[PDB]
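Working notes, beginning with the structure itself.
Chains as they are written, first to last, in my numbering: chain X, 45 to 255; chain D, 45 to 255.
Dropping the structure here:
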């Protein structure tokens, strides 16, 4: 959705990037929004813990706000590469188009673009694409990657070191399941490897990363 | 923008298409919206002249509503072709992704997709893509295609038959400007052809179609 919050966050991100101090009036100018409206929006965002207004009245993105800002910027810039490299849209319109697509591109689409685009290091305008790490350029836990429909994934991490339950270690070993091993999930949770099914225990499901 | 109105309109369009009678409760079911909310939305849409509720309580899209419904469906289906043919997104997610992109795809992006996609006749799900005519598969008048920055376009129509002013007919002829002739617009309005500049009069600007 075209969250205004996503918009304010990418704006603060751009300002820092250009080296400007993210002051409310600057954000108001660029967003073409009024001063009374931006302060009202920053107010809501502060209460949500997305940004904190410092003594000097500059806006400090909190770690979460920054994470969200980064994702919005990555999508925005990935959309710009898609629109100029693949679609061939007019360079003079790419920015505005991207400003809208950033709010509706899913992470799943982003991971794919990363696969189909020749170069994802910079946008057409010469700015680096932030947060590519979250797209494989540590991972999703099977518990929330738990598709009821089987899917061939790859183990990024097991986290045996965080296991209190050690019954399923040998089972993983027997099923040739390890880090870098492509398995198949269908969610309690079950992950197969060569017809070998390991019905995971909660702890394992909460820590094993299939990305 | 994710207009809810665009959403209700595509919904009514799908129902007719499947052959179902567009009754409010059906729309409420599919949209996963409440009965009191849909009737409130149809109410606003009726006042806007987008749909009329018939005696049998079925919803009749007015010519304008239908035009808007068609455009939303074309974009939606073009997005589905883009997501499966180019991006390679998982078939099971293409629909939902498209349901969001339909509200942010510009017509300019649609005309380009029509150029880059191998087949635009049907969506991946086997439904025909409606309204391709508005994308060249009669045109934009120079008055509203009047970019202050020069752009090479193509005359689709002159409409001499609608001209009260006949001073610029020979000028068009002299500048080798006719239907199917690629010119360049920069907007009063001026359109060139081989270094020949014809500063158009309002009437001409209001009827000449450069698409």
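We put the beta carbon where it would ideally sit given N, CA and C, even for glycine.
{"Item": "Element boundaries [alpha helix (DSSP H), containing residue 60 (chain X)]", "Value": "48-62"}
{"Item": "Amino acids of chain X, ordered along the chain, whose beta-carbon sits closer than 8 Å to that of residue 156 (chain D)", "Value": "131, 132 and 133"}
{"Item": "Neighbour flag for residue 139 (chain D) against chain B, beta carbons, 9 Å", "Value": "Among the chains of the structure shown, chain B does not appear; the protein chains present are X and D."}
{"Item": "Residue closest to residue 170 (chain X), alpha-carbon to alpha-carbon, out of X:51, X:49, X:50 and X:61", "Value": "X:61"}
{"Item": "Within-9 Å CB hit, residue 226 (chain X) to chain D", "Value": "no"}
{"Item": "Inter-residue Cα distance where the pair is residue 187 (chain X) and residue 56 (chain D)", "Value": "38 Å"}
{"Item": "Near the ligand GTP: residue 171 (chain X) beta-carbon under 8 Å from a heavy atom", "Value": "For the ligand GTP, the structure offers nothing, since it holds no ligand at all."}
{"Item": "Residue range of the unbroken beta strand (DSSP E) whose run includes residue 240 (chain X)", "Value": "That residue, residue 240 (chain X), is in no beta strand (DSSP E); it is neither H nor E in DSSP."}
{"Item": "3-residue-minimum beta strand (DSSP E) runs that sit fully inside the segment 152-223 of chain D, ordered along the chain", "Value": "195-201"}
{"Item": "Endpoints, the beta strand (DSSP E) within which residue 84 (chain X) is located", "Value": "Counting along the chain, residue 84 (chain X) falls outside any beta strand (DSSP E), though it belongs to the alpha helix (DSSP H) covering 79-91."}
{"Item": "Where the beta strand (DSSP E) through residue 103 (chain D) begins and ends", "Value": "103-105"}
{"Item": "Any C-beta of chain D under 9 Å from that of residue 237 (chain X)", "Value": "no"}
{"Item": "Alpha helix (DSSP H) runs contained entirely in the segment 122-157 of chain X, provided each spans 4 or more residues", "Value": "138-145"}
{"Item": "Spatially closest choice to residue 63 (chain D) from D:102, D:141, D:95 and D:85, by CA coordinates", "Value": "D:102"}
{"Item": "For residue 94 (chain D), three-class secondary structure by DSSP", "Value": "coil"}
{"Item": "Within chain X, partners of residue 152 (chain D) - CB distance below 9 Å", "Value": "133, 134, 137 and 141"}
{"Item": "Helix, strand or coil at residue 67 (chain X) according to DSSP, with G and I counted as helix", "Value": "strand"}
{"Item": "Limits of the beta strand (DSSP E) - the one that residue 228 (chain X) falls within", "Value": "226-230"}
{"Item": "Element boundaries [alpha helix (DSSP H), containing residue 248 (chain X)]", "Value": "246-251"}
{"Item": "Rounded Cβ spacing between residue 145 (chain X) and residue 113 (chain X) (contact assumed at less than 8 Å)", "Value": "With 8 Å as the limit, residue 145 (chain X) and residue 113 (chain X) do not qualify as a contact, their Cβ atoms being about 17 Å apart."}
{"Item": "Span separating the alpha-carbon of residue 72 (chain D) from that of residue 94 (chain D)", "Value": "18 Å"}
{"Item": "Members of the segment 94-119 of chain X that neighbour chain D once the beta carbon cut-off is set at 9 Å", "Value": "none"}
{"Item": "Residue 120 (chain D) versus residue 206 (chain X) - alpha carbon distance", "Value": "45 Å"}
{"Item": "Cβ-based burial, residue 53 (chain X) [other Cβ within 10 Å; buried from 16]", "Value": "buried"}
{"Item": "Contact under 9 Å by Cβ, residue 255 (chain D) with residue 237 (chain D)", "Value": "no"}
{"Item": "Residues within the segment 184-205 of chain X neighbouring chain D, beta-carbon criterion of under 8 Å", "Value": "193"}
{"Item": "Burial state of residue 50 (chain D) (16 or more Cβ within 10 Å)", "Value": "buried"}
{"Item": "Beta carbon of residue 185 (chain D) nearer than 9 Å to that of residue 249 (chain D)", "Value": "yes"}
{"Item": "Whole-angstrom C-beta distance between residue 242 (chain X) and residue 216 (chain X), which should lie under 8 Å", "Value": "6 Å"}
{"Item": "Contacts around residue 181 (chain X), its chain only, beta-carbon distance under 7 Å, and the 5 residues preceding and following it disregarded", "Value": "158 and 164"}
{"Item": "Alpha carbon of residue 204 (chain X) to alpha carbon of residue 108 (chain X), nearest angstrom", "Value": "28 Å"}
{"Item": "Burial state of residue 152 (chain X), where buried means 16 or more other Cβ atoms lie within 10 Å", "Value": "exposed"}
{"Item": "Rounded separation between residue 222 (chain X) and residue 156 (chain X) - CA only", "Value": "25 Å"}
{"Item": "Outcome for residue 232 (chain D) when other beta-carbon atoms lying within 10 angstroms are tallied against a minimum of 16", "Value": "exposed"}
{"Item": "Beta-carbon spacing of residue 86 (chain D), residue 68 (chain D) below 9 Å", "Value": "yes"}
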